[PDB]
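We begin with a single chain expressed as structure tokens, specifically the form deposited without the DNA.
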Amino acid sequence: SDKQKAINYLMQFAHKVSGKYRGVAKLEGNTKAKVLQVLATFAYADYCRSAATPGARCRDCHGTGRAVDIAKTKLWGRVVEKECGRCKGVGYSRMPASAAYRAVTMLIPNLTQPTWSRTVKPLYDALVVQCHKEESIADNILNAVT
């Protein structure tokens, strides 16, 4: 419901950016749709578990890997980010991705893990971090002093 809406939002984003990832960009339409749905479902679950589990994502950036660069934000008149110093940009554990790899191989049975790592997993990670970034923006808006 609320979960399915968020998953659908994430699936639509996955389609928008899919052309950047060589392992999904040229799949047949029906397979591409199934793959992107798997990636969005696993990525959203990975995000949700990491936010609710103590220690499962970085406690300074809350998963985004990024922090505000105060001086550059002032200079440029827009939010400029830098790497999160605490997690040096990792944001969230990468171990849950193995489950997504297994689910994708059921749809792409010749996809090896190193080919996944280079050509598909970057989209999975783009989706996980997209969720942490959405949460950070929602928090910034909710708590603005203006």
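The term rigid core refers to the most C-alpha atoms you can superpose between the two forms while keeping them within 1.5 Å. Just count from 1 along the sequence shown to find any residue number.
What comes next is about the form solved in complex with the DNA, which does not appear here.
Checking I108, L27, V120, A67 against the DNA in the entry with it bound, a heavy atom within 4.5 Å turns up for just one residue: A67.
In the entry with it bound, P54 stays away from the DNA, with no heavy atom inside 4.5 Å. When contacts are judged by a 4.5 Å heavy atom cut-off, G77 does not count as touching the DNA in the entry with it bound. Contact annotation: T112 falls within 4.5 Å of the DNA in the entry with it bound, judged by heavy atom distances.
Within this chain, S93 lines the site of the DNA in the entry with it bound, having a heavy atom no more than 4.5 Å away. Using a 4.5 angstroms heavy atom cutoff to the DNA in the entry with it bound, all of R22, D60 and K88 count as contacting. Aligning the rigid core between the shown form and the other one and inspecting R49, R102, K88, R118, the C-alpha positions shift by 2 Å or more at one residue, which is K88. Core-superposed comparison between the shown form and the other one: the CA of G29 stays below a 2 Å shift. Residue displacement note: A67 has its CA displaced by at least 2 Å between the shown form and the other one (rigid core superposed). If you fit the rigid core between the shown form and the other one, you'll see the Cα of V38 move by less than 2 angstroms. An increase of at least 3 Å in the separation of the C-alpha atoms of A40 and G63 is found in the entry with it bound, compared with the displayed form.
Annotation: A43/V68 CA-CA distance longer in the entry with it bound than in the displayed model, change of at least 3 Å.
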